[PDB]
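The structure appears right after this line, and notes come after that.
Hydrogens, waters and symmetry mates play no part in the numbers below; they use all other heavy atoms, side chains included. Letters go in sequence order (proteins before strands), and every chain restarts at 1.
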2 protein chains.
Amino acid sequence: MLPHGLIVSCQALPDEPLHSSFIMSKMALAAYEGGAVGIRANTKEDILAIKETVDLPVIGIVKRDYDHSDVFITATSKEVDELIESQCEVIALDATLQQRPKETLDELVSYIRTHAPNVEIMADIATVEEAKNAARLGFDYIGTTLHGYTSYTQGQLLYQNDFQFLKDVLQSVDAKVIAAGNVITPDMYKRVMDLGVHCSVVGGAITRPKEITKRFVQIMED
Amino acid sequence: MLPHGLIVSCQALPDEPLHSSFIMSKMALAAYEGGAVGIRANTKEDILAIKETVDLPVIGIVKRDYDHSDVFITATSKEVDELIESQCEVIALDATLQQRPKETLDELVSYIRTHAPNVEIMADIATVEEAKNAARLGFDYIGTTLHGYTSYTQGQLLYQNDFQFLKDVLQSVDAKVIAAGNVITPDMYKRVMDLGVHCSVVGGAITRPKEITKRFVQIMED
Ligand SMILES: [Cl-]
Ligand SMILES: [Cl-]
């Protein structure tokens, strides 16, 4: 099971500067040496590289776009099969009620429990309605990952109104909640942990130097 | 000449997770895409990789330890010759009063002006008196890099007492001053720029995921 604490997301999609299974493995090493309790990573190849540098538990996804669907985080059983091959400890997937390319969400959850019975699952949700559905489905972890990153949550960011969205998720489910998406400072990490999340995912504020650089430059441009 | 704005330091010494000319070149590309106006980098191999990736001006150093000297930033003519070969726009060196392994500081400044007449020089100092000495020696830039990192500045850190050390350096010299060392947050960057530095170096807060991770974990351990 994931410990309480900091999960570092070590992702770099094609055309991002640090795109490389190799490079993400050394980023995960840095996160381990700095006190992370877990890693979140994208694609079987990055997961397998990370598993050669660190023994931290990994939350795996596969970001892959499909025609005629906006679902791109572990959309179908093809992505699930890649993640079962990766041997990541937690399989995360979009758990929105958006139209998927192939299996429905219920079917994908059933598929994972059948084919990978020793692997925990994490729901990436955008609304309280989705979070409560994920708890019904027996997800091990419910994350706020897609809040602000769907067409129906545009402009909403996790930290808005003193993390009201997170407070609403925590009140709505008894499952382990993960604060993920727009946790960008140590002060925000402390806030979400104080509100009672199991653990938090921090990505860009540690592993996207372009994103961090933009925050430094922007302070001079306000 | 260096512009005003943000210089991102892209360093990873041999024991660090990201040690790699290729990775530091991608850190530098990320910094460029985020709005940096220059790069600081360590070793000829890293600098050459960076300069083939981005056209930003580079402040070059060579960190190399020598017996019976506490000087390790561009300590001798060996390191200067490596930086001349690198074609970096600005050669930075320890500009402390500490005895060097080979050539004195004054010796190395004259050596750079005669062997690389088109290259600007940056003084990494620890004290106001070293800042004044570097102005005497005709440095183009004077940085606060070693303030708090010498045996005669122990316990001192740039940000202490609302950046009083920086205010004292700016009052003491007419040359372009660079805020470098312990510029940890966008708020610190804004403060030093508002106090009148030419530009500021930010390294580990952008390009050392281990140190950023450590800052997230620490907030929970206070
Ligand atoms: Cl990046
Ligand atoms: Cl690091």
Check: Side chains of B:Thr127 and B:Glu129: donor-acceptor distance under 3.5 Å anywhere?
Finding: no
Checklist line | Polar contact flag, side-chain donor to acceptor under 3.5 angstrom, A:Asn182-A:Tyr149 | finding: yes
Could you look at [X] and say if it's the side chain, the backbone, both or neither that has a heavy atom under 4.5 Å from chain A?
{"X": "B:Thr185", "answer": "backbone"}
{"X": "B:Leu6", "answer": "side chain"}
{"X": "B:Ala205", "answer": "both"}
{"X": "B:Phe22", "answer": "side chain"}

What I want to find out is whether [X] reaches [Y] closely enough, with some N-O distance under 4.0 Å, to be called a salt bridge.
{"X": "B:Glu33", "Y": "A:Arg208", "answer": "no"}
{"X": "B:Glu79", "Y": "B:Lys44", "answer": "no"}
{"X": "A:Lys190", "Y": "A:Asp194", "answer": "yes"}
{"X": "A:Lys176", "Y": "A:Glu120", "answer": "no"}

Do you know which of [options] has the most heavy-atom pairs with chain A at a distance under 4.5 angstrom?
{"options": "B:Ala28, B:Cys10, B:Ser200, B:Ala30", "value": "B:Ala30"}
{"options": "B:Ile206, B:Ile23, B:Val8", "value": "B:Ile206"}
{"options": "B:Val202, B:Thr207, B:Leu29", "value": "B:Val202"}

Checklist line | Choice from A:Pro209, A:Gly34, A:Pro186 maximising heavy atom contacts with chain B below 4.5 Å | finding: A:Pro186
Next item on the list: Please state whether the side chain, the backbone, both or neither of A:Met27 comes within less than 4.5 Å of a heavy atom of chain B.
Entry: both
Item checked: Separation between NE2 of A:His19 and CG of A:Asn42, rounded to the nearest 0.5 Å -> 9.5 Å
